[PDB]
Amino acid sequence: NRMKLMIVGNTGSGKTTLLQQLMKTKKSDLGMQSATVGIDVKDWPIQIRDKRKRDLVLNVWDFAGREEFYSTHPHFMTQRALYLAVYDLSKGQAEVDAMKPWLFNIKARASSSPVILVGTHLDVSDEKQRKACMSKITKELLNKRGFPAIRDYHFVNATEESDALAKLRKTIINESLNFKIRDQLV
């Protein structure tokens, strides 16, 4: 079972930006070993005015092959996964509150999956925001029965390489390795 990394949070919080920067090496660019995307998910809006006025939107899943289909078995979607819960630090401690429904949803979907909390927009946040978010996390999110285990929490500018991002990148790799190894333990 290839380890899944699930990047969740609210729209605009910097998830795609954060992943871009995490994967940014350009020693080999982004050299994936398949010529085609394994799973392509896109919406297909269909206007059917000849039919009973029902503008139908299909959520289309294009699978490369059997390996990619197999990887979406409910067993694999719900078990072997590290979660990144991403929020915009520049919007303050309200965004930490908004991580709570995410953490309930992660615990429900994937009961064994650990979470790394990532505050983006550090560069456009102030110490008052940094401090209030830090306090709220340690008091209200860390080591709570009913939430995923929170392995670590980071504050990053997701648009650039930095010590804090390298540490996050290290944590995701190390946390992925260690997660795979423990679940083999009896």
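In case it trips you up, residue 1 is the first one in the sequence shown, and so on.
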property	result
Mean Cα B-factor comparison, 145 to 153 or 53 to 61, giving the higher one as deposited	53 to 61
Stretch with the greater mean C-alpha B-factor as recorded in the entry, comparing 2 to 10 against 176 to 184	176 to 184
Options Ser71, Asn105, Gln79, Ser90 - largest CA temperature factor per the record	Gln79
Deposited CA B-factor, highest of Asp123, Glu67, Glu140, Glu127	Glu127
For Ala158, the third of its chain into which the C-alpha B factor falls	lowest
Ranked C-alpha temperature factor of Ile39 among modelled chain residues, by third	lowest
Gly31, C-alpha B-factor rank within chain (lowest, middle or highest third)	highest
Chain-relative CA temperature factor third for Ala166	highest
Chain-wide C-alpha B factor ranking for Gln21, given as lowest, middle or highest third	middle
